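**Student:** One structure, pasted below without further comment.
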Amino acid sequence: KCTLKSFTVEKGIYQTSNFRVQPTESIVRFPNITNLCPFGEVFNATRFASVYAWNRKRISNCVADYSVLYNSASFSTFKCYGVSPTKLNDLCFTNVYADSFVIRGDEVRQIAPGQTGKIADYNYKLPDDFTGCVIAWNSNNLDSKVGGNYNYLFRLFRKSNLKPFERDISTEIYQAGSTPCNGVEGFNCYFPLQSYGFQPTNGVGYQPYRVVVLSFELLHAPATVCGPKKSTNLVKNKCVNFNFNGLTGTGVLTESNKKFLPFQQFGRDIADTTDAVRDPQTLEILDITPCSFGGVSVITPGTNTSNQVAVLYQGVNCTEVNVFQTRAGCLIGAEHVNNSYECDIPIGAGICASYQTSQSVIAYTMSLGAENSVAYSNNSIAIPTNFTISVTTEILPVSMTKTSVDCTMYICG
Amino acid sequence: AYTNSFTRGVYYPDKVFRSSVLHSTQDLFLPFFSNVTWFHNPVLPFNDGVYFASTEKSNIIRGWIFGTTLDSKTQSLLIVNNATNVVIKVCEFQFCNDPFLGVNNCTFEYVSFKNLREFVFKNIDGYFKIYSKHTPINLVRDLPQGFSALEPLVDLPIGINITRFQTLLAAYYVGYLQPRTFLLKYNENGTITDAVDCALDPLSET
Amino acid sequence: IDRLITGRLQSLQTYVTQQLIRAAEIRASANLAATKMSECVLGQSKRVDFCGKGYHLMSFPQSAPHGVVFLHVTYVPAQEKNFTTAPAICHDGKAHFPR
Amino acid sequence: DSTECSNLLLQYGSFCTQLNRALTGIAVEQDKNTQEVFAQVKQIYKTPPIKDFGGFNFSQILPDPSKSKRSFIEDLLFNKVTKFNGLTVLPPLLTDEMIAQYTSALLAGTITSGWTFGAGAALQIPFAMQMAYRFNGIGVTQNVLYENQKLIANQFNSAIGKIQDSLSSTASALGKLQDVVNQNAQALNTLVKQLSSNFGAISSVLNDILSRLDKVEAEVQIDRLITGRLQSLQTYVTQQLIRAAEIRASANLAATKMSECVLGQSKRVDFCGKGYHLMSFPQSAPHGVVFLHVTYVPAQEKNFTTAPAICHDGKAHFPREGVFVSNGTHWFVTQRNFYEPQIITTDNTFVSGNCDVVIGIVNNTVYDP
Amino acid sequence: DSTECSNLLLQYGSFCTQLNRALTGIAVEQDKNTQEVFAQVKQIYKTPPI
Ligand SMILES: *[C@@H]1O[C@H](CO)[C@@H](O)[C@H](O)[C@H]1NC(C)=O
Ligand SMILES: *[C@@H]1O[C@H](CO)[C@@H](O)[C@H](O)[C@H]1NC(C)=O
Ligand SMILES: *[C@@H]1O[C@H](CO)[C@@H](O)[C@H](O)[C@H]1NC(C)=O
Ligand SMILES: *[C@@H]1O[C@H](CO)[C@@H](O)[C@H](O)[C@H]1NC(C)=O
Ligand SMILES: *[C@@H]1O[C@H](CO)[C@@H](O)[C@H](O)[C@H]1NC(C)=O
Ligand SMILES: *[C@@H]1O[C@H](CO)[C@@H](O)[C@H](O)[C@H]1NC(C)=O
Ligand SMILES: *[C@@H]1O[C@H](CO)[C@@H](O)[C@H](O)[C@H]1NC(C)=O
Ligand SMILES: *[C@@H]1O[C@H](CO)[C@@H](O)[C@H](O)[C@H]1NC(C)=O
Ligand SMILES: *[C@@H]1O[C@H](CO)[C@@H](O)[C@H](O)[C@H]1NC(C)=O
Ligand SMILES: *[C@@H]1O[C@H](CO)[C@@H](O)[C@H](O)[C@H]1NC(C)=O
Ligand SMILES: *[C@@H]1O[C@H](CO)[C@@H](O)[C@H](O)[C@H]1NC(C)=O
């Protein structure tokens with residue numbers, strides 16, 4: 001009634017909808033987890049970097065998982081700027097880097113966007129819009145020593161401020177007057193470094209914290225780093241959403257008898273539609289069939305005859321949907337009948353339906369006419385003895401409505 | 001000296017299985033029956049990409065160098081078969097190719113007449129591609145007839161610009177790839193068999 | 001406005017194209033009806049099932065809105081009987097055939 | 001799948017319903033086109049058990065029960081001629097077995113009853129006597145069949161056998177049906193390849209856009225794909241509406257050949273094959289029909305002297321149903337389609353007045369029985 | 001013959017083949033139509049001199 005925009009329906013078969021078998025689950029497949037990025041060297045060493053001359057690792061040609069750094073209990077603080085720590089496991093980069101240093105508990109706060117003062121301006125400078133995360137942990141058990149661990153140092157004096165991301169290892173004597181220092185301490189001439197003097201007895205603001213800063217670049221040369229890849233169990237003979245190595249689709253996955261070459265990853269039909277895939281976690285080649293779909297058609301006597309209807313699912317098997325599997329599709333709500341009649345409402349492939357006897361929609365194989373044997377023999381003839389004059393009505397379209405449309409009045413008006 | 005290429009060097013254009021079908025593709029290929037240079041060790045231009053093939057029995061060919069300068073100022077590619085293995089590296093190297101056994105401004109490293117070897121080398125800034133095949137032959141100095149299909153070995157992450165190449169040390173041949181349209185006969189096993197070079201002659205175009 | 005012009009122009013092109021294709025089917029029906037008028041009404045057709053099922057005697061046109069009705073009058077043989085038959089009969093040693 | 005695209009597609013309104021209404025109108029018309037051709041017999045006239053048709057041998061074109069129960073030639077015809085992206089293919093209403101039951105009923109009714117089953121009830125006629133009526137219908141007297149009946153039957157059996165089994169040797173004869181298969185396949189593959197096209201969008205893969213772009217820009221790229229895919233689908237149904245009109249013309253012609261040949265005997269020149277038409281037999285073929293037209297072709301090229309009329313007792317005689325011919329010394333009248341000379345009698349001929357009027361009249365004798 | 005436009009026209013896919021194919025079918029029909037009307041005669045019959 002809604003398809004026809006009407007409160008009345010005449011006898012017929014009407015296509016009212018399309019129905020499609022929906023995906024029962026989502027499948028993801030990628031290769032075995034391998035070449036995981038070598039971040040551990042930046043955190044787990046016996047030595048550590050000294051903030052006046054800090055050390056950088058390069059991370060490349062590998063898969064990261066930054067979520068280890070924000071789930072491990074091994075660290076005392078985690079901070080991040082510009083992009084979320086979770087988004088780092090979605091992103092990809094040409095290179096990745098990890099900067100490292102030891103700083104006292106009162107001064108780790110200098111490692112933030114747009115900071116100023118001794119550490120920010122003369123040791124490690126981040127711009128106002130920096131993207132990256134910072135990991136800090138107390139190391140009083142590793143990095144403190146009796147009388148002070150003088151290997152840990154910061155630059156107290158410099159000729160000028162650092163630019164954003166400027167690395168400097170300089171140790172030139174600072175000059176505080178007109179006297180030239182000639183590369184040694186003296187009158188108004190001073191060694192540019194100082195120590196936090198890390199000792200095991202120190203209060204928390206004077207205790208050593210090891211710190212690491214993540215950093216990244218994406219360039220015109222394609223990404224050598226990305227985050228981690230998921231995977232799922234593999235399910236067959238069921239409609240599923242799927243993602244093999246980034247290839248999205250939806251279909252039924254099955255066994256196959258195809259013979260892929262060792263480098264080939266997916267197989268294609270004549271119209272360049274994918275019809276098979278290699279499972280990256282096995283040698284299984286899987287055939288892909290699209291999930292079952294077809295028109296839904298409603299078979300009706302007239303609404304002034306009955307409200308009873310039958311439904312045909314065109315080209316759909318009754319497995320996928322009182323019920324009758326025709327060659328044209330699954331038919332529902334029509335009684336199969338072993339008689340045959342003239343075709344009342346056509347279904348297809350020799351099947352028709354009608355409303356008949358306590359009454360229902362029935363479905364039957366159509367009858368072409370009564371069977372007759374002509375009484376032929378080589379010397380028998382039949383001759384007519386009467387002639388019943390017959391008047392027949394033939395009706396033909398001759399003309400059409402003389403419609404005209406002004407396109408400027410229709411388009412603009 | 002020159003030699004005819006015949007109908008060889010048909011590398012698989014993509015990692016796709018196809019069968020009982022005649023696929024049409026527009027990749028960089030050897031134009032059929034073109035001339036190639038014949039050798040039996042100069043530094044050479046790379047153009048749009050290289051075909052290399054050689055008379056395999058003695059295994060005298062050791063590897064290749066590629067890049068712009070091949071001699072400091074910027075990073076350049078070295079590939080060499082170190083007996084049981086292959087070393088791939090992309091430093092700012094500066095050496096002659098002739099002292100092959102003797103060979104930091106560097107950013108990547110990786111390790112892998114009785115016959116014809118066939119190899120194809122290709123780039124597009126989107127990583128550096130090697131294809132190859134090997135087949136037995138008669139003791140003939142130049143490329144035999146028939147079709148040969150070359151299988152993708154590696155697609156190396158290097159990002160290096162290339163305009164020039166050299167060889168480390170049999171006869172060997174150098175041809176260049178060109179933008180060309182091909183029709184490829186994938187058989188019932190999904191191997192490329194026969195192929196048509198659509199721009200060769202009017203019958204091939206038909 | 002250019003989005004409305006683009007859509008409404010394409011809407012009107014789709015209508016006019018299907019009207020041209022439908023007019024060709026009405027012309028085929030009018031050419032058939034003019035042939036039925038000529039051969040069935042102005043004549044007697046010896047042409048099987050052209051002017052109704054049976055041996056055609058005559059036909060009459062009637063008007064209908066946008067069409068024509070032909071009332072085809074036909075002889076239909078009825079009440080047949082079986083007989084024995086022969087292709088010829090033999091008399092004075094000579095074969096006779098029905099004239 | 002994409003609800004993003006499905007929602008953008010609402011802005012175009014009725015177009016999605018118009019194209020499916022147009023394809024439905026074409027789909028309903030295959031079933032009409034086959035019923036106009038084949039379903040023009042009221043009853044299924046079986047096939048007689050005893051094959052006493054004179055010398056004529058229909059076993060190449062009658063059903064084979066060992067097989068659908070096609071004839072031999074009707075199985076050669078099927079062998080010489082013989083999807084997914086929201087596209088569906090629908091079955092015909094009549095199966096190949098139902099169409100073969102109709103061609104069986106048509107030629108079984110023709111062989112056993114002549115043209116009579118077209119005009120009313122099928123009336124039996126011996127086959128040699130049906131052929132004598134069909135000779136009499138092309139202006140050749142009945143006795144020219146009965147006196148040559150074994151020659152005529154052997155010559156038919158040779159033409160329907162030896163020559164028509166050419167369909168075993170070559171497939172190129174059926175090009176009109178193969179063309180109709182090829183055009184519909186090549187159109188439907190062209191509709192699918194249009195899904196891979198960009199139409200100016202950043203990608204032709206719909207989820208690729210939605211995974212790569214911010215939602216307000218993704219709607220611009222998707223509307224670019226919708227515009228091109230909708231124009232592609234309109235181009236297809238426009239070409240199928242134009243192609244279906246030529247198939248309707250061919251089906252109306254085939255339905256007319258089934259009535260006027262087959263269940264009649266056509267006097268329309270060159271309509272039911274070359275020569276003077278005798279019969280035709282329908283055989284079914286995939287998406288079509290084959291008519292085997294049986295026809296009479298004459299065979300000599302030497303000459304006679306002839307005259308419009310002959311003089312006798314000062315009166316002009318004209319041939320009643322024939323021609324006057326001279327063998328060089330003697331004058332005869334013949335039927336005009338086959339050389340059978342008769343003595344010129346007063347009942348071979350009719351008078352019309354004076355000798356003086358006719359141009360080229362000749363002096364001879366008219367015999368009085 | 002603009003190369004800049006030609007590279008954009010490739011992004012419309014098969015349309016330009018499908019139109020040139022349609023006009024080729026119409027071209028071949030004009031010969032078929034003329035052959036079916038006029039070439040109905042098996043031999044070039046010619047009239048006597050008188
Ligand atoms: C109304 O009922 C009659 C009798 O059952 C039937 O012939 C006719 O098709 C029906 N029409 C509608 C619109 O229901
Ligand atoms: C319907 O589907 C079931 C399960 O796939 C199968 O066993 C059956 O044979 C199918 N029937 C038809 C007619 O396709
Ligand atoms: C149709 O007839 C067969 C005869 O074997 C029978 O098995 C079947 O149940 C019948 N169908 C119905 C719906 O009665
Ligand atoms: C012929 O048929 C009519 C009815 O159509 C009947 O009245 C008449 O008696 C019949 N005549 C003969 C001779 O059978
Ligand atoms: C295809 O594969 C099968 C099984 O590996 C093999 O028997 C056959 O020879 C292969 N080649 C062709 C052309 O079928
Ligand atoms: C005799 O004629 C009638 C006419 O309808 C026919 O039905 C019947 O088959 C014929 N008799 C025999 C024995 O065939
Ligand atoms: C009819 O022709 C077939 C060959 O096509 C032959 O086998 C058969 O014997 C013939 N029938 C008769 C009754 O001679
Ligand atoms: C008889 O007609 C033929 C037709 O080719 C002609 O060649 C010949 O001259 C004619 N016979 C005589 C005796 O002229
Ligand atoms: C003409 O016909 C008669 C009767 O058959 C025959 O006797 C005569 O010899 C024929 N004349 C010629 C010129 O053949
Ligand atoms: C026929 O033609 C011949 C030669 O041209 C002539 O002698 C004769 O008189 C003509 N007769 C008629 C009836 O035209
Ligand atoms: C035909 O016969 C008549 C006599 O009956 C004669 O007068 C006339 O001249 C003859 N004509 C010819 C052409 O021989």
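If you're wondering about the labels, chains in the structure tokens are A, B, ... by order shown, residues count from 1 in each chain, ligands from 1 in order shown.
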Could you list, as a PDB file with C-alpha atoms, in the first residue's frame, every residue within 8 Å of region 116-131 of chain D, counting only C-alpha atoms and ignoring same-chain residues fewer than 5 positions away?
**Tutor:**
ATOM      1  CA  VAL A 374      -5.053 -35.430 -33.459  1.00  0.00           C
ATOM      2  CA  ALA A 375      -6.697 -38.602 -34.892  1.00  0.00           C
ATOM      3  CA  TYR A 376      -4.189 -38.810 -37.809  1.00  0.00           C
ATOM      4  CA  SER A 377      -4.083 -41.747 -40.211  1.00  0.00           C
ATOM      5  CA  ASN A 378      -2.949 -41.941 -43.851  1.00  0.00           C
ATOM      6  CA  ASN A 379      -6.591 -42.182 -45.170  1.00  0.00           C
ATOM      7  CA  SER A 380      -8.773 -40.344 -42.558  1.00  0.00           C
ATOM      8  CA  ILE A 381     -10.032 -36.739 -43.018  1.00  0.00           C
ATOM      9  CA  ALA A 382     -12.289 -34.567 -40.828  1.00  0.00           C
ATOM     10  CA  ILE A 383     -14.625 -32.074 -42.612  1.00  0.00           C
TER      11      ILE A 383
ATOM     12  CA  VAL C  48      -3.690 -15.689 -40.862  1.00  0.00           C
ATOM     13  CA  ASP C  49      -4.636 -14.234 -37.425  1.00  0.00           C
ATOM     14  CA  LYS C  53      -8.747 -15.919 -34.998  1.00  0.00           C
ATOM     15  CA  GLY C  54     -10.730 -17.777 -37.722  1.00  0.00           C
ATOM     16  CA  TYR C  55     -11.199 -17.280 -41.489  1.00  0.00           C
ATOM     17  CA  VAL C  76     -15.085 -20.630 -37.547  1.00  0.00           C
ATOM     18  CA  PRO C  77     -15.673 -24.234 -38.744  1.00  0.00           C
ATOM     19  CA  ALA C  78     -17.679 -26.432 -36.322  1.00  0.00           C
ATOM     20  CA  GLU C  80     -16.684 -31.869 -37.906  1.00  0.00           C
ATOM     21  CA  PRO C  87      -5.858 -38.501 -53.308  1.00  0.00           C
TER      22      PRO C  87
ATOM     23  CA  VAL D  41      -1.790 -22.566 -29.855  1.00  0.00           C
ATOM     24  CA  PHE D  53       3.418 -39.057 -43.417  1.00  0.00           C
ATOM     25  CA  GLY D  54       4.034 -40.307 -46.984  1.00  0.00           C
ATOM     26  CA  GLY D 109      -0.656 -29.728 -35.101  1.00  0.00           C
ATOM     27  CA  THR D 110       0.767 -28.531 -38.467  1.00  0.00           C
ATOM     28  CA  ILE D 111       1.873 -32.016 -39.632  1.00  0.00           C
ATOM     29  CA  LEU D 145       2.597 -33.711 -56.347  1.00  0.00           C
ATOM     30  CA  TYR D 146       0.952 -37.160 -56.492  1.00  0.00           C
ATOM     31  CA  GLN D 149       5.486 -37.786 -54.488  1.00  0.00           C
ATOM     32  CA  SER D 259       0.812 -16.970 -37.620  1.00  0.00           C
ATOM     33  CA  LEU D 263      -0.114 -22.158 -39.097  1.00  0.00           C
ATOM     34  CA  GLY D 264      -0.975 -20.647 -42.519  1.00  0.00           C
ATOM     35  CA  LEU D 278       4.758 -24.323 -48.911  1.00  0.00           C
TER      36      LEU D 278
END
**Student:** Which protein, DNA or RNA residues have an atom within 9 Å of ligand 2, counting only C-alpha atoms and all ligand atoms, as a list in words?
**Tutor:**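 Here is the list of contacting residues: residues 237, 316, 317, 318, 319, 320, 325, 326, 327, 329 and 330 of chain A.
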**Student:** How far is it from CA of residue 28 (chain D) to CA of residue 16 (chain A), in Å with one decimal?
**Tutor:** 15.9 Å
**Student:** Select residues of chain C: the criterion is any atom within 9 Å of an atom of chain A, counting only C-alpha atoms; output as a ChimeraX atom specification.
**Tutor:** /C:1,4-5,7-9,12,23,26-34,51-54,59,64-87
**Student:** With a distance cut-off of 12 Å and only C-alpha atoms, select the neighbouring residues of region 19-36 of chain E, excluding the residue or stretch itself and same-chain residues fewer than 3 positions from it, and output the selection as a list in words.
**Tutor:** residues 179, 183, 186, 187, 235, 236, 239, 242 and 243 of chain D; 13, 14, 15, 16, 39, 40 and 41 of chain E
**Student:** Write out as a VMD selection string each polymer residue (protein, DNA or RNA) that has an atom no more than 12 Å from ligand 3, with only C-alpha atoms and all ligand atoms counted.
**Tutor:** chain A and resid 322 to 324 334 to 340 362 to 365
**Student:** Selected residues, N, CA and C atoms, written as a compact mmCIF listing (two decimals), in the first residue's frame, please.
**Tutor:**
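The resulting file, result.txt, is shown below:
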# COMPACT_ATOMS: atom_id res chain seq x y z
N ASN A 322 3.38 -23.74 3.95
CA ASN A 322 3.69 -22.46 4.57
C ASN A 322 4.97 -21.82 3.99
N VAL A 323 5.95 -22.63 3.58
CA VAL A 323 7.20 -22.21 2.92
C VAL A 323 7.52 -23.16 1.76
N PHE A 324 7.98 -22.64 0.62
CA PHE A 324 8.17 -23.40 -0.62
C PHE A 324 9.34 -22.82 -1.44
N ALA A 334 2.21 -18.99 0.67
CA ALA A 334 1.47 -19.65 -0.41
C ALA A 334 1.55 -21.17 -0.27
N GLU A 335 0.42 -21.86 -0.40
CA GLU A 335 0.38 -23.33 -0.40
C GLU A 335 0.86 -23.89 -1.74
N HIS A 336 1.88 -24.75 -1.76
CA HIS A 336 2.17 -25.52 -2.97
C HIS A 336 1.01 -26.48 -3.27
N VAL A 337 0.60 -26.55 -4.54
CA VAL A 337 -0.51 -27.38 -5.02
C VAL A 337 -0.05 -28.23 -6.20
N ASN A 338 -0.41 -29.52 -6.22
CA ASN A 338 0.02 -30.48 -7.25
C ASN A 338 -0.84 -30.46 -8.53
N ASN A 339 -1.95 -29.72 -8.54
CA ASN A 339 -2.70 -29.41 -9.76
C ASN A 339 -1.90 -28.48 -10.69
N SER A 340 -2.49 -28.11 -11.82
CA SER A 340 -2.02 -27.01 -12.66
C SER A 340 -3.20 -26.28 -13.30
N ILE A 362 -2.40 -19.91 -3.28
CA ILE A 362 -1.79 -21.17 -3.71
C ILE A 362 -0.72 -20.90 -4.76
N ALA A 363 0.27 -21.78 -4.88
CA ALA A 363 1.30 -21.72 -5.91
C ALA A 363 1.42 -23.06 -6.63
N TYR A 364 1.53 -23.03 -7.96
CA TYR A 364 1.44 -24.20 -8.84
C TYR A 364 2.31 -24.00 -10.08
N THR A 365 2.68 -25.09 -10.76
CA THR A 365 3.29 -25.01 -12.10
C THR A 365 2.21 -24.72 -13.13
**Student:** Neighbours of ligand 11 within 7 Å, counting only C-alpha atoms and all ligand atoms, as number ranges by chain?
**Tutor:** D: 314, 362-363
**Student:** Any chance you could export the current selection's N, CA and C atoms as a PDB file, in the first residue's frame?
**Tutor:**
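Output contents, as saved in again21.pdb:
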ATOM      1  N   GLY D 314     -12.903 -17.781 -86.864  1.00  0.00           N
ATOM      2  CA  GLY D 314     -12.971 -16.315 -86.861  1.00  0.00           C
ATOM      3  C   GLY D 314     -13.155 -15.693 -85.471  1.00  0.00           C
ATOM      4  N   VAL D 362      -2.422 -15.923 -82.990  1.00  0.00           N
ATOM      5  CA  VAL D 362      -1.952 -16.899 -83.993  1.00  0.00           C
ATOM      6  C   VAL D 362      -3.071 -17.804 -84.487  1.00  0.00           C
ATOM      7  N   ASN D 363      -3.016 -18.219 -85.750  1.00  0.00           N
ATOM      8  CA  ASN D 363      -3.992 -19.129 -86.352  1.00  0.00           C
ATOM      9  C   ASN D 363      -3.671 -20.580 -85.977  1.00  0.00           C
TER      10      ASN D 363
END
**Student:** Quick one: pick out all strand (DSSP E or B) residues within region 34-95 of chain C from a backbone DSSP run and write them as number ranges by chain.
**Tutor:** C: 55-64, 67-75, 78, 81-84, 89-90, 95
**Student:** List all protein, DNA and RNA residues that have at least one atom no more than 8 Å from any atom of ligand 5, counting only C-alpha atoms and all ligand atoms, and write them as a PyMOL selection string.
**Tutor:** (chain A and resi 259) or (chain B and resi 187-189)
**Student:** Can you write just those residues out, C-alpha atoms, as a PDB file, in the first residue's frame?
**Tutor:**
ATOM      1  CA  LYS A 259      46.218 -22.112  -6.645  1.00  0.00           C
TER       2      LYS A 259
ATOM      3  CA  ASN B 187      46.116 -19.167 -17.348  1.00  0.00           C
ATOM      4  CA  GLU B 188      43.996 -21.586 -15.209  1.00  0.00           C
ATOM      5  CA  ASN B 189      46.800 -21.645 -12.520  1.00  0.00           C
TER       6      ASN B 189
END
**Student:** Can I get the residues close to ligand 1 as a ChimeraX atom specification, where close means within 7 Å and we count only C-alpha atoms and all ligand atoms?
**Tutor:** /A:8-11,301-305
**Student:** When DSSP is applied to the backbone of this structure, which of region 11-45 of chain C are assigned alpha helix (DSSP H)? Write them out as a ChimeraX atom specification.
**Tutor:** /C:11-36
**Student:** Output C-alpha atoms of each residue in that selection to a file, as a PDB file, in the first residue's frame.
**Tutor:**
ATOM      1  CA  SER C  11      14.982  15.509 -14.170  1.00  0.00           C
ATOM      2  CA  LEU C  12      13.478  17.060 -17.341  1.00  0.00           C
ATOM      3  CA  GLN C  13      15.999  15.330 -19.707  1.00  0.00           C
ATOM      4  CA  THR C  14      15.030  11.957 -18.142  1.00  0.00           C
ATOM      5  CA  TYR C  15      11.323  12.688 -18.765  1.00  0.00           C
ATOM      6  CA  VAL C  16      11.792  13.839 -22.410  1.00  0.00           C
ATOM      7  CA  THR C  17      13.997  10.810 -23.249  1.00  0.00           C
ATOM      8  CA  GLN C  18      11.402   8.310 -21.937  1.00  0.00           C
ATOM      9  CA  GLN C  19       8.623  10.292 -23.732  1.00  0.00           C
ATOM     10  CA  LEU C  20      10.550   9.956 -27.064  1.00  0.00           C
ATOM     11  CA  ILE C  21      10.948   6.171 -26.495  1.00  0.00           C
ATOM     12  CA  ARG C  22       7.213   5.847 -25.535  1.00  0.00           C
ATOM     13  CA  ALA C  23       6.053   7.900 -28.558  1.00  0.00           C
ATOM     14  CA  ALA C  24       7.914   5.402 -30.831  1.00  0.00           C
ATOM     15  CA  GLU C  25       5.817   2.536 -29.309  1.00  0.00           C
ATOM     16  CA  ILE C  26       2.562   4.515 -29.850  1.00  0.00           C
ATOM     17  CA  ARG C  27       3.657   5.215 -33.481  1.00  0.00           C
ATOM     18  CA  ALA C  28       4.245   1.468 -33.994  1.00  0.00           C
ATOM     19  CA  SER C  29       0.680   0.864 -32.644  1.00  0.00           C
ATOM     20  CA  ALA C  30      -0.790   3.612 -34.912  1.00  0.00           C
ATOM     21  CA  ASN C  31       1.066   2.189 -37.965  1.00  0.00           C
ATOM     22  CA  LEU C  32      -0.385  -1.235 -37.066  1.00  0.00           C
ATOM     23  CA  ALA C  33      -3.908   0.237 -36.602  1.00  0.00           C
ATOM     24  CA  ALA C  34      -3.659   2.023 -40.007  1.00  0.00           C
ATOM     25  CA  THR C  35      -2.617  -1.322 -41.580  1.00  0.00           C
ATOM     26  CA  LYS C  36      -5.565  -3.101 -39.850  1.00  0.00           C
TER      27      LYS C  36
END
**Student:** Considering only C-alpha atoms and all ligand atoms, give me a table of residues in chain D that are at most 9 Å from ligand 7, with the closest atom pair and distance in Å for each, as JSON lines.
**Tutor:**
{"residue": "D:51", "atom": "CA", "partner": "ligand 7", "partner_atom_place_in_ligand_line": "13 (C)", "distance": 6.9}
{"residue": "D:52", "atom": "CA", "partner": "ligand 7", "partner_atom_place_in_ligand_line": "13 (C)", "distance": 8.0}
{"residue": "D:55", "atom": "CA", "partner": "ligand 7", "partner_atom_place_in_ligand_line": "14 (O)", "distance": 8.0}
{"residue": "D:56", "atom": "CA", "partner": "ligand 7", "partner_atom_place_in_ligand_line": "1 (C)", "distance": 8.3}
{"residue": "D:57", "atom": "CA", "partner": "ligand 7", "partner_atom_place_in_ligand_line": "1 (C)", "distance": 5.0}
{"residue": "D:58", "atom": "CA", "partner": "ligand 7", "partner_atom_place_in_ligand_line": "1 (C)", "distance": 7.0}
{"residue": "D:59", "atom": "CA", "partner": "ligand 7", "partner_atom_place_in_ligand_line": "1 (C)", "distance": 5.7}
{"residue": "D:60", "atom": "CA", "partner": "ligand 7", "partner_atom_place_in_ligand_line": "5 (O)", "distance": 5.8}
{"residue": "D:157", "atom": "CA", "partner": "ligand 7", "partner_atom_place_in_ligand_line": "2 (O)", "distance": 7.5}
{"residue": "D:160", "atom": "CA", "partner": "ligand 7", "partner_atom_place_in_ligand_line": "5 (O)", "distance": 8.9}
{"residue": "D:161", "atom": "CA", "partner": "ligand 7", "partner_atom_place_in_ligand_line": "5 (O)", "distance": 6.1}
{"residue": "D:162", "atom": "CA", "partner": "ligand 7", "partner_atom_place_in_ligand_line": "5 (O)", "distance": 8.6}
**Student:** Find the spatial neighbours of residue 201 (chain B), counting only C-alpha atoms, within a cut-off of 12 Å - ignore same-chain residues fewer than 4 positions away - and output them as a count of residues only.
**Tutor:** 7
**Student:** Within 12 Å of ligand 8 (counting only C-alpha atoms and all ligand atoms), which residues show up? I'd like them as a list in words.
**Tutor:**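 Answer in the requested format: residues 300, 301, 302, 303, 304, 305, 327 and 328 of chain D; 45 and 48 of chain E.
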**Student:** Those residues with N, CA, C and O atoms, as a compact mmCIF listing (two decimals), in the first residue's frame please?
**Tutor:**
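As written to disk, out13.txt reads:
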# COMPACT_ATOMS: atom_id res chain seq x y z
N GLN D 300 14.16 -24.89 -64.90
CA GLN D 300 14.63 -24.89 -66.31
C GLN D 300 14.68 -23.49 -66.96
O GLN D 300 14.08 -22.54 -66.46
N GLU D 301 15.38 -23.36 -68.09
CA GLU D 301 15.78 -22.07 -68.68
C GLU D 301 15.79 -22.02 -70.24
O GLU D 301 16.11 -20.96 -70.80
N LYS D 302 15.45 -23.11 -70.94
CA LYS D 302 15.09 -23.12 -72.37
C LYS D 302 13.63 -22.70 -72.61
O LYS D 302 12.84 -22.52 -71.68
N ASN D 303 13.26 -22.53 -73.88
CA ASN D 303 12.23 -21.58 -74.28
C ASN D 303 11.14 -22.26 -75.11
O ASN D 303 11.39 -23.28 -75.75
N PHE D 304 9.98 -21.62 -75.19
CA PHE D 304 8.91 -21.93 -76.14
C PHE D 304 8.46 -20.66 -76.85
O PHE D 304 8.53 -19.57 -76.29
N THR D 305 7.96 -20.79 -78.07
CA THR D 305 7.17 -19.72 -78.70
C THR D 305 5.80 -19.65 -78.02
O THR D 305 5.26 -20.68 -77.65
N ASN D 327 5.88 -26.05 -79.33
CA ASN D 327 7.15 -26.78 -79.31
C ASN D 327 8.01 -26.56 -80.58
O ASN D 327 9.05 -27.18 -80.73
N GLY D 328 7.55 -25.69 -81.48
CA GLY D 328 8.16 -25.39 -82.78
C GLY D 328 7.26 -25.80 -83.95
O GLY D 328 7.33 -25.18 -85.01
N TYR E 45 20.48 -8.23 -63.77
CA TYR E 45 19.65 -8.37 -64.96
C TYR E 45 19.72 -7.10 -65.80
O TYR E 45 19.72 -6.00 -65.25
N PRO E 48 16.84 -5.99 -72.97
CA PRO E 48 17.20 -6.20 -74.37
C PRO E 48 17.52 -4.88 -75.09
O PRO E 48 17.05 -3.81 -74.68
**Student:** List the neighbours of region 130-132 of chain B out to 9 Å using only C-alpha atoms; skip same-chain residues closer than 4 positions along the sequence, and give me the result as an NGL selection string.
**Tutor:** :B and (9 or 11-12 or 117-122 or 149-156)
